[PDB]
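Letters A, B, ... mirror the listed sequences (proteins, then strands); counts begin at 1. In what follows, every heavy atom counts, from backbone to side chain, and hydrogens, waters and symmetry copies are set aside.
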Amino acid sequence: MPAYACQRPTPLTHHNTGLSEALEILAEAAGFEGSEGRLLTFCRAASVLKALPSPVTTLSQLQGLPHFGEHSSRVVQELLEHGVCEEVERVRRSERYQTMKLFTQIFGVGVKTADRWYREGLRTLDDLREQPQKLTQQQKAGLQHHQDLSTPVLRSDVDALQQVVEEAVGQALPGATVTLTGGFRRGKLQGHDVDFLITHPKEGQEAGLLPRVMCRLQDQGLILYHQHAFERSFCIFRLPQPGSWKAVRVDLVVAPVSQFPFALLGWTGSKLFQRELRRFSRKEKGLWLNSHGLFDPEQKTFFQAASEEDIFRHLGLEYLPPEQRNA
DNA sequence: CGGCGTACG
DNA sequence: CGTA
DNA sequence: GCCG
Ligand SMILES: Nc1ncnc2c1ncn2[C@H]1C[C@H](O)[C@@H](COP(=O)(O)NP(=O)(O)OP(=O)(O)O)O1
Ligand SMILES: [Cl-]
Ligand SMILES: [Cl-]
Ligand SMILES: [Mg+2]
Ligand SMILES: [Mg+2]
Ligand code: NA
């Protein structure tokens, strides 16, 4: 088992679901406390189990696995022995965990805002609604739409949204294309949002595109919320439903075609897969990776890529299709 | 011990 | 600060 | 919390 998640296939469904979910509770709780190092270790240990070919049944099967030391091994041991890990269950029922989870789930609220509200004594969404002077416009929209945004987006919803986006994109710039990214491209059947990447085959023609797209979607009455020159848009869309509609989060990103492979790779995720890939690039290969390119800081040159396959090759990694990037 | 991804709105 |  |  290699030490970086980008060195191994990770399928969406696997053989250690309960164990990985427990470790991910501890990771999440570490994040709520600002302990990014412990969050990473617990996330990485969970991802190792996702990559295994069969269930862990005995503690000895953790020997030699990367990111399993005393703490993660004890969590697994308790689950194998008793079906429950007391530390995990204490986190789950804690007022701190439940409230930080509730607040950070709001669009416009991160850990730092949630923690301040927590320290001020706030505990429920209605506590927040009562004191709207303390809310940004973004947070007001996130709170108004919270119930709909808590409902999974279905793969069956995505095709209708993509057609609507393509219509607006085609008027804004004929020839421009829309690619489905994020978790749906990794094979997820549900999501928290829909992520789309937009480009044009003629380098430079995509400049200034996203404002043109957004004002056309707004004119069609489809935009319940957006922040408005820009290249990323974090929107709330009106999605038709039988006899009604529901609010859905949609992310739009524009990239020039020269950067499209890097943007596709970055926006297809998973989040941990990309952090691990960028960590691998820099620490193992001395190259700096982001959603725009891959930089050699010694030659001061950028690596041209025409495909995701090119990028894996330039990093010395076996290619992984999106379905195997579910770290 | 230092390091832990890297951007844009 | 928020967001991907 | 774990790796190197
Ligand atoms: N902090 C981060 N660092 C690096 N890449 C990140 C990132 N956050 C997101 N990405 C990249 C990788 C992510 O896969 C992609 C989309 O971000 P989401 O839409 O927040 N997450 P997904 O679509 O995977 O699942 P779902 O929406 O169902 O929760 O952007
Ligand atoms: Cl930490
Ligand atoms: Cl980036
Ligand atoms: Mg998504
Ligand atoms: Mg998104
Ligand atoms: Na949030």
Side-chain angles (χ1 to χ4, degrees), chain A residues 1-6 23-24 26-27 29-31 33-35 37-48 62 64-69 71-76 87 103-117 135-136 138-143 149 181-183 185 191-198 210-211 214 225-226 228-236 249-255 259 262-285 287-295 315 327:
Chain A
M1 172 79 54
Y4 293 84
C6 56
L23 291 166
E24 283 179 346
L26 297 186
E33 306 311 312
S35 310
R38 292 167 162 80
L39 174 149
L40 280 171
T41 283
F42 285 130
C43 285
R44 294 167 180 165
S47 82
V48 164
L62 300 182
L65 291 183
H67 308 293
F68 278 86
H71 199 143
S72 301
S73 296
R74 188 244 303 150
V75 171
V76 167
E87 180 186 11
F103 286 172
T104 60
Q105 273 168 1
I106 304 170
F107 177 69
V109 184
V111 171
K112 289 181 181 179
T113 297
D115 174 67
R116 174 176 73 255
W117 290 345
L135 304 171
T136 66
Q138 184 181 47
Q139 290 161 355
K140 287 177 176 161
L143 197 51
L149 298 187
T181 68
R185 181 167 184 253
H192 113 283
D193 75 355
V194 193
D195 307 281
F196 295 114
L197 175 60
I198 298 164
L210 200 48
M214 291 310 300
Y225 173 88
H226 89 277
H228 298 285
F230 51 100
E231 66 204 47
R232 303 174 180 182
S233 185
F234 322 117
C235 315
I236 304 178
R249 280 275 295 107
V250 175
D251 291 329
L252 302 184
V253 52
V254 172
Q259 299 178 9
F262 298 100
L264 184 62
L265 180 62
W267 282 83
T268 295
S270 71
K271 172 179 169 169
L272 177 65
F273 188 96
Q274 297 303 313
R275 289 176 76 159
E276 292 279 288
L277 184 70
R278 294 168 183 196
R279 190 173 64 100
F280 177 87
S281 181
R282 175 187 290 272
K283 303 299 186 181
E284 303 303 327
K285 302 301 174 175
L287 304 177
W288 302 347
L289 181 65
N290 68 16
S291 73
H292 302 323
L294 180 62
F295 184 71
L315 295 173

Residue whose nearest DNA chain B nucleotide is more 5′ - A/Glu231 or A/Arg44:
A/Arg44
Residue closer to the 5' end of DNA chain B, A/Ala229 versus A/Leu289 (nearest nucleotide)
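Comparing both residues, the 5'-ward one is A/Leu289.
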Taking only the side-chain nitrogens and oxygens of [X], find out if one of them lies under 4.0 Å from OP1 or OP2 of [N].
X	N	value
A/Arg282	B/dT6	yes
A/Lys271	B/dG5	no
A/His226	B/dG9	no
A/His71	D/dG1	yes
A/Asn290	B/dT6	no
A/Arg232	B/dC8	no
A/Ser291	B/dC8	no

Starting the side chain at C-beta, find the nucleotide from [options] nearest to [X].
X	options	answer
A/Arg249	D/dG1, C/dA4, D/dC3	C/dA4
A/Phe230	B/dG9, D/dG1, B/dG5	B/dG9
A/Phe42	B/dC8, C/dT3, D/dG1	D/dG1
A/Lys112	C/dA4, D/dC2, C/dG2	C/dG2
A/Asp193	C/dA4, D/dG4, C/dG2	C/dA4

Return the orientation label for the A/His226 and A/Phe230 ring planes: parallel under 30°, perpendicular over 60°, tilted otherwise.
tilted
Aromatic plane relationship, A/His71 with A/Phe42 - under 30° parallel, 30 to 60° tilted, over 60° perpendicular
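A/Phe42 and A/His71: perpendicular rings.
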Check this for me, if you would: do A/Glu87 and A/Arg74 make a salt bridge, where the nitrogen-to-carboxylate-oxygen distance has to be below 4.0 angstrom?
yes
[N] [atom2] sits how many Å from [X] [atom1], rounded?
X	N	atom1	atom2	answer
A/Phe280	B/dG5	CZ	P	15 Å
A/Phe196	C/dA4	CZ	P	15 Å
A/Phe234	B/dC8	CZ	P	11 Å
A/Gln138	C/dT3	CD	P	6 Å
A/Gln259	B/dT6	CD	P	17 Å
A/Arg275	B/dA7	CZ	P	14 Å
A/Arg279	D/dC2	CZ	P	14 Å

Need one value for A/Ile106: base, sugar-phosphate or nothing, where a base atom within 4.0 Å counts as base even if backbone is also close, heavy atoms only.
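Since only primed, P, OP1 and OP2 atoms lie under 4.0 Å of A/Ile106, the category is sugar-phosphate.
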Would you classify A/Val109 as touching base, sugar-phosphate or nothing, given that sugar-phosphate means primed atoms plus P, OP1 and OP2, and contacts are heavy atoms under 4.0 Å?
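A/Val109: backbone/sugar contact only, no base atoms under 4.0 Å.
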In whole Å, what separates the P atom of B/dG5 from that of D/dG4?
15 Å
Would you state whether a donor and an acceptor, one from the side chain of A/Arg278 and one from the base of B/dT6, lie under 3.5 Å apart?
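Indeed there is one.
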Quick one: pull up OG1 in A/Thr104 and CG in A/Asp115 and give me the separation to the nearest 0.5 Å.
11.0 Å
With rounding to the nearest 0.5 Å, note down the distance linking CG in A/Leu40 to OG in A/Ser47.
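Going from the CG atom of A/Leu40 to the OG atom of A/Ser47 covers 10.5 Å.
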Test log, rule side-chain contact (heavy atoms from CB on, under 4.5 Å), inputs A/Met214 and A/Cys235:
CA-CA 9 Å; A/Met214 291 310 300; A/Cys235 315; 3.4 Å; yes
